[PDB]
Amino acid sequence: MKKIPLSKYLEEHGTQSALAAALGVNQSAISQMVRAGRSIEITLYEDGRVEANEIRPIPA
Amino acid sequence: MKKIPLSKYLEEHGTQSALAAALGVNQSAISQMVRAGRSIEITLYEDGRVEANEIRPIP
């Protein structure tokens, strides 16, 4: 397993198009996360699965 | 540092009251997190400070 911030993932690994498909999300949700500088972490499994999580501090 | 889920922090390390005060939130905020099953991770630093994050799945 590898975990990787969103912008590094896109800048260095995969495309928005590909990530959107592997997460089963609307491509424009990815665009929105990039624009707003949301703290999104991408997880890459050896089985091929890809997951995404926003890390939100408490308090905000 | 050690990362542990909120449930586990409350079982093994601290209380809702003490955690809330150290984080700088009202206990009511922690109570709500426990009650809604929210995915909360506590980072416990060597000097005793703690920080909290919520893990929000995407989508």
Side-chain angles (χ1 to χ4, degrees):
Chain A
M1 169 189 60
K2 279 224 143 152
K3 311 180 209 190
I4 272 104
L6 176 61
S7 286
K8 184 197 184 47
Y9 177 92
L10 291 172
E11 294 288 9
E12 168 149 44
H13 303 291
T15 57
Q16 297 185 53
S17 178
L19 185 59
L23 293 171
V25 308
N26 191 316
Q27 222 191 313
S28 62
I30 318 277
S31 279
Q32 192 287 329
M33 295 164 331
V34 183
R35 271 193 327 283
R38 291 166 59 179
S39 272
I40 308 289
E41 179 199 74
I42 301 296
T43 307
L44 296 329
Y45 298 94
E46 299 205 302
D47 72 1
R49 296 214 291 117
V50 172
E51 299 184 316
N53 290 287
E54 184 165 39
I55 315 323
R56 302 231 307 234
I58 306 289
Chain B
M1 87 202 59
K2 185 181 177 146
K3 291 189 194 165
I4 48 159
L6 172 52
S7 294
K8 191 167 159 218
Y9 180 88
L10 297 171
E11 293 168 11
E12 287 160 19
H13 293 275
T15 60
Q16 297 196 175
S17 194
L19 173 62
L23 288 177
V25 295
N26 297 311
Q27 186 189 343
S28 65
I30 308 293
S31 293
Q32 187 296 323
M33 289 168 207
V34 174
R35 297 181 339 246
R38 300 161 60 173
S39 299
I40 307 306
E41 168 164 69
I42 305 300
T43 303
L44 207 189
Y45 292 107
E46 294 293 322
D47 67 359
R49 287 177 299 111
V50 281
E51 96 182 69
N53 300 274
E54 181 174 28
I55 309 169
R56 312 202 342 145
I58 304 295

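Chain letters run A, B, ... following the sequence lines, proteins first and then strands; every chain starts at 1.
Counting heavy-atom pairs under 4.5 Å between each of B:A52, B:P57, B:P59 and chain A puts B:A52 at the top. Contact count against chain A (heavy-atom pairs under 4.5 Å) is highest for B:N53 among B:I55, B:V25, B:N53.
Just one residue in the list A:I42, A:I30, A:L6, A:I40 forms a side chain to side chain contact (heavy atoms under 4.5 Å, CB included) with B:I58, and that residue is A:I40.
The minimum heavy-atom distance between B:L23 and A:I58, with the atom names listed, is CD2-O, 4.2 Å. Closest approach of B:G24 to A:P59, counting heavy atoms only: O-CG, 4.4 Å.
Note that the CD atom of B:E41 and the CZ atom of A:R56 stand 14.5 Å from one another [nearest 0.5 Å].
For B:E51, no part sits under 4.5 Å from any heavy atom of chain A, backbone or side chain.
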